[PDB]
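Structure, as structure tokens:
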Amino acid sequence: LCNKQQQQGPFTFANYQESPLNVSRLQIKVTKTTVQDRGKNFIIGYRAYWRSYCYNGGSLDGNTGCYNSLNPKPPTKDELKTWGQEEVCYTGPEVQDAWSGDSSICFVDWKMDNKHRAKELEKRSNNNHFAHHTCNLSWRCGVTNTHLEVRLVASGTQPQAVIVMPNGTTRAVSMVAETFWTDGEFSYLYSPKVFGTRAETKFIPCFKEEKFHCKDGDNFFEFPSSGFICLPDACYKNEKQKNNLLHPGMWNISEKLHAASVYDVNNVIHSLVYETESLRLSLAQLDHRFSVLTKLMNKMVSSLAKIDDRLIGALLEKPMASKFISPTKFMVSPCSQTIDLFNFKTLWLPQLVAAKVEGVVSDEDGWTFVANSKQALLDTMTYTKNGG
Amino acid sequence: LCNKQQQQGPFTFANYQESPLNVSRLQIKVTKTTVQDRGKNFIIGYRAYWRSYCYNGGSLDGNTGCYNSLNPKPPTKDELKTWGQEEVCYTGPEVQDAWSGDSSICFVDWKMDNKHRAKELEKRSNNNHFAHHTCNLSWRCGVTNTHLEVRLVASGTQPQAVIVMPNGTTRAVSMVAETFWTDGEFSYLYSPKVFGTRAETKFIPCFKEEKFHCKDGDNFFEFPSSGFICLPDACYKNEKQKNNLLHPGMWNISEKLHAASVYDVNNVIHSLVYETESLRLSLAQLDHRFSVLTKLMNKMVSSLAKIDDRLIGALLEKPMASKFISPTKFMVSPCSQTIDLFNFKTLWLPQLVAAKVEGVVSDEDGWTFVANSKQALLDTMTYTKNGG
Amino acid sequence: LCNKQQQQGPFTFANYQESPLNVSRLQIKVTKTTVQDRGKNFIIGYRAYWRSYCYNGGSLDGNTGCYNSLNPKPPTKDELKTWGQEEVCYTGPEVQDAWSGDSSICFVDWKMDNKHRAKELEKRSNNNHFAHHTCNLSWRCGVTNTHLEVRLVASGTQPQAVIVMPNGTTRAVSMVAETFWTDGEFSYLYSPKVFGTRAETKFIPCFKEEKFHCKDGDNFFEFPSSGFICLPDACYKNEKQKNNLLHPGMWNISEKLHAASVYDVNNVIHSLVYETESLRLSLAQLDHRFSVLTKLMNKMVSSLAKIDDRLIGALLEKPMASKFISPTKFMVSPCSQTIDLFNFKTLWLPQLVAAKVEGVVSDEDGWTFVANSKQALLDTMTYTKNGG
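Chains as they are written, first to last, in PDB author numbering: chain A, 3 to 211, 232 to 357, 393 to 445; chain A', 3 to 211, 232 to 357, 393 to 445; chain A'', 3 to 211, 232 to 357, 393 to 445. A prime marks a further copy of an entry chain.
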């Protein structure tokens, strides 16, 4: 029994209100500029020669001694083309202990006609012919055919195609015909199928937070304030500021030259562990909420089924009628348009995601080849051999 | 009052249906092959000598000059074993300005008996003894005892234990006795406790998406079509295709030689930010759903408690009876088997995860030692000293 | 009709119970020690000279030959300060083919007065003056002003400010005045605004799992057992063990020198894919649960609205009364304190997170400068030029 006489309140039911949230999903319409060229479009070829022109006219003669020089002769454009096309380089003659008669061959304009797939020079000298000159001439050459990845910069507006050097220096790509240049021993030639830039109109997904966090394939980036940003491989310019001349957001060039430490990655692992625990808390709070609902719903059905003996059977989708022997225990015996009370929609699910990992510029085959060639030169110029 | 006369419909309640999803959890039974050898099992030892055999018989004599050579003498297997066991290397004699009488010591078969922990040669030459020979002989040697990590390849079926060189070249491990080899100045000896391969039968967890995304400890990988894949440290072969001879999925060798750029990692950070916002949306949609349910349940209880004054007391687990002074306000006064209406099961929770980070091959101590030794040689062969 | 006669049970409703979970959120009060110094506070400057003192007194004279040496003369503290302040280095004289009269200039105590922004030496020698000495003297020098990042170690208790060398060697920072040192050609001077260490009292968030997974800004780390750990940039010491002298948790020094491979990063990608699928399962299980609730609630309302024709109108917040023409179809006609049945609280949401990525020590500008300077020396000492 209870005490209907006197009451307390009046009361109301407290509703639960979700916390507002400013993250949305956007399909941002951008112009995405690309400089993609696939295949082997880059040819690097070096060639130099060691010269040792000596004269032995006795210790009294002021001209007694050697004249040595590492002279670089990088191949011409046409030379580099046929080199790569044949994957062999052409050089002059290997001269060893050519004295007075044959000593003049140190200066001939040799008209390179000696073919090699790979050829490393030898640092040999000789001055053991009295009152006579002695000439030694060693040659080095190599060629490679690789795939060069061209990046994008701004220097203002209107992004520009650019080759990045391992040291950080940029070399703009010729947009007319076959950018070719020369540096010391080496000559570089780049020849893509089509010149200039390419761009498409496309919608990239984003999460609006003031802050835009976007993805485009394997590229993941923060979209800036004024809707214009350049990544290494691509530039994204949001129309609505299509007709506006803006300096885009610029990626850092050191981010592609300088590698990441193991600690930096472990730092990313610990940040992921933190968000994985974070999410486990939220999932636990939601699982507790379902527990509370299941307990409230068991109590509620236990009350309504007392009036509607056809209820529990409907909840179990079995024909049966309910008979309570206790306020908590019961017994079971045998037997157009719609209305949406919930307005629930398909649950958004985080889609799978895998970032792009391309490495550092120095590890590229083209720059690897140059670095090894220069390392081979340092290895062979360690000491002089006697061409006697 | 209302207008019972005329109606509209008939209506039905719209149920909410979850979107079907093809991700499941699998416990895939695989044969996992391992080549793990723990401890210091690798010994690298270099030894070479600088020789400068000169003769000064005046500028008229054709034999006047030096004969110099950097000759490599890598230690034998037994030499390398005792070197590492004592962490000291043995070399020949340090010869300085030994002329005509003692000049013959440039060729003796020195029978290395000079012990050093570390010894770097000196590039000294001398030809200032007339009508006489002069001999200079400098020696270099070093030894290291490290732990070598052996990887796995295919070359077909039946994965094979392999040592990877920094340049990308593979050297198969001898599965009989103590793989040993020699390259220039250096000799390498590897000696594990047990030979061949090891494998166990074990169940790796996976998420079936056509696509299998699996984890095995700190290893995380995509399981291929035909259930056979080789990682650097291990190979996983699914039985059911245990008795089938297949080429496994092969990891790329450049992925372990070439480091990742800082940009690649920031790219991973932005991809994680995207999925973190993604998940925050889904969590927000679920929190809104609970709000809707709490509002629908407050309305429902407000209706049932009008009939069952014992309800609200049961929902609050307090003995009390309800008395409504308004369709929304009320007053409160004092006072075997089971049936599962929900069929809810324990909520799956994403378990913690931390990837393995091992670094690049060049950073290994063994290859670091070789690289520094070769760098020390380039530093000392810069110019000649006068052993006068 | 049904069969009230005989029953079965008695039954009870099965409640759903959440699985207990030991993850919590902690606001751990720590003392965080910092050594942060912003701006250009580091000056590296090298200087050496090539000397070639030769005498040509004929092949009979025992003194005939050259005396060559690469001698390092690193600048003093005051020299380095004015060098960096002017970004130019001072050296001695460039001497070329100075013979007997002027040959004595190879030893003068030159009192460096030749200014250069950048100056690389030349390896030229000459011995073609009979009965006379010949002197050649080439100079090299460079200076840089960079920002040095100082790390933290333990060596026991009481963390210490430390500069890390690319080879792994540590150099403690002088906490009195302007740590300066010298190594071969190079001299290093570091001059921060304030000396010693800095620390603040602050609360870092953590997830308690035995295991503590914490975050502090862009730093993410596992908090150890005894509440004391040192990262490269900072040390965190939990009070409650403020007055206790403990060895902190020490980061590995190789983690900041050795880069991460592309494979290590792809491994992190696959681990993220695994947890992204993992979370998609849990989100799917929760979405199925809401489906079940929506079906149970549609059945329940369909039963209660039979008694309370004002219910469905309240659930739709529209004034209307319900009239059922079928146990599933109906027709619609026109028309202080609170009580919390749920005790639901604001849903915790995983906040955004971006790790810090700083790179490797070798890629620092200061050590990059030293490495390039030493590489330039190896490039110019390749062969001798004739200063005739």
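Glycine included, C-beta positions come from ideal geometry on N, C-alpha and C.
Of the residues the options, the one placed nearest residue i, counting alpha carbons only
i: A/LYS413; options: A''/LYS262, A''/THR84, A''/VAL290; result: A''/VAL290
i: A/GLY67; options: A''/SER105, A''/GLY103, A''/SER127, A''/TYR48; result: A''/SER127
i: A''/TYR57; options: A''/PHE15, A''/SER324, A''/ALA133, A''/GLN87; result: A''/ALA133
i: A''/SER193; options: A''/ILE334, A''/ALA201, A''/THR181, A''/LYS204; result: A''/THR181
i: A/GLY86; options: A/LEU434, A/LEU337, A/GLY144, A/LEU72; result: A/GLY144
i: A'/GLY11; options: A''/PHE346, A''/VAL314, A''/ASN70; result: A''/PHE346
i: A/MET114; options: A/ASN130, A/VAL90, A/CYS208, A/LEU72; result: A/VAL90
i: A''/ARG142; options: A''/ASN130, A''/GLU151, A''/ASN116, A''/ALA163; result: A''/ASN116
i: A''/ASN147; options: A''/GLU202, A''/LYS317, A''/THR84, A''/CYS357; result: A''/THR84
i: A'/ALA16; options: A''/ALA433, A''/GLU339, A''/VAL314, A''/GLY249; result: A''/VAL314
Where residue i sits in the DSSP three-state scheme
i: A''/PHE401; result: coil
i: A''/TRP52; result: strand
i: A''/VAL175; result: coil
i: A/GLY335; result: helix
i: A/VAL410; result: coil
i: A'/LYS204; result: strand
i: residue 446 of chain A''; result: Residue 446 of chain A'' is absent from the structure shown; chain A'' starts at 3 and stops at 445.
i: A/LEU318; result: helix
i: A/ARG27; result: strand
i: A''/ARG153; result: strand
i: A/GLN87; result: helix
i: A/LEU308; result: helix
i: A''/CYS357; result: coil
i: A''/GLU244; result: strand
Distance between residue j and residue i (C-alpha atoms, nearest Å)
i: A'/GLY239; j: A/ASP286; result: 21 angstroms
i: A''/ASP104; j: A'/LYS125; result: 29 angstroms
i: A/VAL37; j: A'/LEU305; result: 39 angstroms
i: A''/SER348; j: A/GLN394; result: 15 angstroms
i: A''/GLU261; j: A''/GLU232; result: 18 angstroms
i: A'/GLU211; j: A'/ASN24; result: 6 angstroms
i: A''/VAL178; j: A''/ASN73; result: 32 angstroms
i: A/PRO254; j: A''/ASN274; result: 32 angstroms
i: A/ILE334; j: A''/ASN320; result: 13 angstroms
i: A''/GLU187; j: A''/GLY64; result: 33 angstroms
i: A'/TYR296; j: A/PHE242; result: 8 angstroms
i: A/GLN408; j: A'/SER300; result: 8 angstroms
i: A/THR184; j: A/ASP420; result: 21 angstroms
i: residue 1 of chain A'; j: A'/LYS204; result: Only positions 3 to 445 of chain A' appear in the structure, and residue 1 of chain A' is not among them; the question remains open.
i: A''/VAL97; j: A''/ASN138; result: 5 angstroms
i: A''/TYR51; j: A/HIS269; result: 47 angstroms
i: A''/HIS235; j: A/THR425; result: 41 angstroms
i: A/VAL152; j: A'/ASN429; result: 34 angstroms
Exposure label - residue i; buried when at least 16 CB within 10 Å
i: A''/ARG40; result: exposed
i: A/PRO161; result: buried
i: A/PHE399; result: buried
i: A''/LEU326; result: buried
i: A'/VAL175; result: buried
i: A''/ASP80; result: exposed
i: A''/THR93; result: buried
i: A'/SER102; result: exposed
Listed by chain order, chain C residues near residue i by CB distance under 7 angstroms
i: A/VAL410; result: You won't find chain C in this structure, because its protein chains are A, A' and A''.
Exercise. Note down, in chain order, all residues in the region 55 to 69 of chain A' with a beta-carbon under 7 angstroms from any beta-carbon belonging to chain A''.
Key: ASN58, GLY60, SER61
Practice problem: Please name the residues in the region 310 to 326 of chain A'' whose beta-carbon is closer than 9 angstroms to at least one beta-carbon of chain A', in chain order. | Solution: So the close ones are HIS310, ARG311, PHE312, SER313, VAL314, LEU315, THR316, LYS317, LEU318, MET319, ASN320, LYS321, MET322, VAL323, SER324, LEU326.
Exercise. Identify each residue in the region 30 to 55 of chain A' for which the Cβ-Cβ distance to at least one residue of chain A'' is less than 7 angstroms, and report them in chain order.
Key: none
Quiz prompt | Near-chain A'' residues of the region 263 to 293 of chain A (beta-carbon distance less than 9 angstroms), N- to C-terminal order | solution = Along the region 263 to 293 of chain A, the positions whose C-beta sits under 9 angstroms from a C-beta of chain A'' are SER276, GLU277, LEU279, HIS280, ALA281, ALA282, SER283, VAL284, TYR285, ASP286, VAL287, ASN288, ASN289, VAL290, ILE291, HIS292, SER293, read in chain order.
Quiz item: Which of the residues in the region 416 to 439 of chain A'', read from start to end, lie with their CB under 8 angstroms from any CB of chain A'?
Solution: Against chain A' - using a Cβ distance shorter than 8 angstroms - the residues of the region 416 to 439 of chain A'' are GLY416, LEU434, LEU435, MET438.
Practice problem: Output, in sequence order along the chain, the residues in the region 15 to 31 of chain A' whose CB is closer than 7 angstroms to any CB in chain A. | Solution: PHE15, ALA16, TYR18, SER21
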